[PDB]
Amino acid sequence: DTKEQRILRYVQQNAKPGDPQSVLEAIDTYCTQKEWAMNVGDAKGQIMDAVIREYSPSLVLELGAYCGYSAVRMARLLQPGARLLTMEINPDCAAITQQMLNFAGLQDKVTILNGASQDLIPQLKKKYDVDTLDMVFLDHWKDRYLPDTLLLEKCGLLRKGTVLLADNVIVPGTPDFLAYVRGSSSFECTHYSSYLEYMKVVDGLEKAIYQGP
Ligand SMILES: Cn1ncc2cc([C@H](O)c3cccc(CNC(=O)c4cc(-c5ccc(F)cc5)cc(O)c4O)c3)ccc21
Ligand SMILES: [Cl-]
Ligand SMILES: [Cl-]
Ligand SMILES: [Mg+2]
């Protein structure tokens with residue numbers, strides 16, 4: 001099997017169904033003790049939690065589901081009725097993420113879309129009945145952070161106060177995105193220094209709040 005299948009099985013066998021916290025803990029244990037994986041992890045995850053709690057977003061878009069770690073992490077903190085949409089291009093990972101969400105009992109809160117962000121973003125308004133997004137979590141290919149931020153704006157999906165939160169702004173890094181948002185009058189940016197998941201390597205999140213045109 002694959003690493004991602006092994007992570008899912010480990011959760012199924014070491015967490016409690018319907019208990020998101022147990023699911024996170026199981027993933028973090030597996031990835032610390034058995035096999036590293038590109039989940040956002042607990043260090044950066046704690047920062048994400050603090051941001052979700054601050055903003056209590058009603059509608060979150062995630063770009064880059066992977067195995068569903070961050071989707072579990074965010075969705076468990078959403079208020080009743082709030083929703084997460086997550087985009088994943090890799091069909092095997094989309095299926096893992098769905099199964100992970102199902103195990104966690106969060107499937108009613110989350111919609112996992114299997115496809116490329118640049119193809120799905122233009123469909124959000126008409127096909128998924130989105131007006132504007134409260135928060136966006138960027139965690140897909142690092143060279144897509146900037147193009148997809150610009151596409152979200154073009155498609156009318158950002159409003160005053162939309163929170164963009166970007167993983168991996170140091171490692172692997174997303175230099176064009178970071179330069180752009182930090183140089184733009186349309187964003188108010190904050191850097192949250194942290195560590196790469198499961199590693200003693202500095203990484204960080206960037207929060208960029210959209211201010212309108
Ligand atoms: C277009 N589109 N639309 C939806 C969508 C979804 C995907 C996949 O979810 C996918 C697959 C492969 C890689 C990524 C990005 N993630 C990373 O590359 C990453 C790397 C590292 C790291 C760090 C140190 C290392 F040494 C090696 C890897 C640490 C991290 O936290 C990461 O997030 C995302 C891809 C394109 C997509
Ligand atoms: Cl993740
Ligand atoms: Cl960690
Ligand atoms: Mg990441």
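Start at 1 and go down the list; that is how both ligands and their atoms are numbered. Numbers here are sequence positions counted from 1.
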Please answer: with hydrophobic residues joined when any side-chain heavy atoms are less than 4.5 Å apart, are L178 and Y180 in the same cluster? no
Any chance the side chains of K142 and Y145 put a donor and an acceptor closer than 3.5 Å? yes
Would you confirm whether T162, through its side chain, and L133, through its main-chain N or O, come within 3.5 Å as a donor-acceptor pair? yes
One pair per line, please: each N/O atom of ligand 1 matched with every protein N/O atom under 3.5 Å away, atom names first, then the distance to 0.1 Å.
unit_1, atom_1, unit_2, atom_2, d
ligand 1, 3 (N), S117, N, 3.0
ligand 1, 3 (N), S117, OG, 3.4
ligand 1, 9 (O), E88, OE1, 2.7
ligand 1, 9 (O), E88, OE2, 3.4
ligand 1, 16 (N), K142, NZ, 3.3
ligand 1, 31 (O), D167, OD2, 3.2
ligand 1, 31 (O), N168, OD1, 2.9
ligand 1, 31 (O), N168, ND2, 2.8
ligand 1, 31 (O), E197, OE1, 3.4
ligand 1, 31 (O), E197, OE2, 2.5
ligand 1, 33 (O), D139, OD1, 2.9
ligand 1, 33 (O), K142, NZ, 3.0
ligand 1, 33 (O), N168, OD1, 2.9

Counting only heavy atoms not in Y192 (residues, nucleotides, ligands), do more than 12 fall under 6.0 Å from its OH? yes
Are the charged groups of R182 and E206 less than 4.0 angstrom apart, N to O? yes
Short side-chain donor-acceptor distance under 3.5 Å, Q123 and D119: no
Whether over 12 other heavy atoms sit under 6.0 Å from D129 CG: no
Pull up every protein N/O/S atom sitting under 2.8 Å from the Mg ion (ligand 4), skipping waters. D139 OD1, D167 OD2, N168 OD1
Closest non-hydrogen atoms of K44 and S194, given as atom of the first, atom of the second and distance, are CG-OG, 3.5 Å
Could you tell me whether a side-chain N or O of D139 sits under 3.5 Å from a main-chain N or O of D167, the two making a donor and an acceptor? no
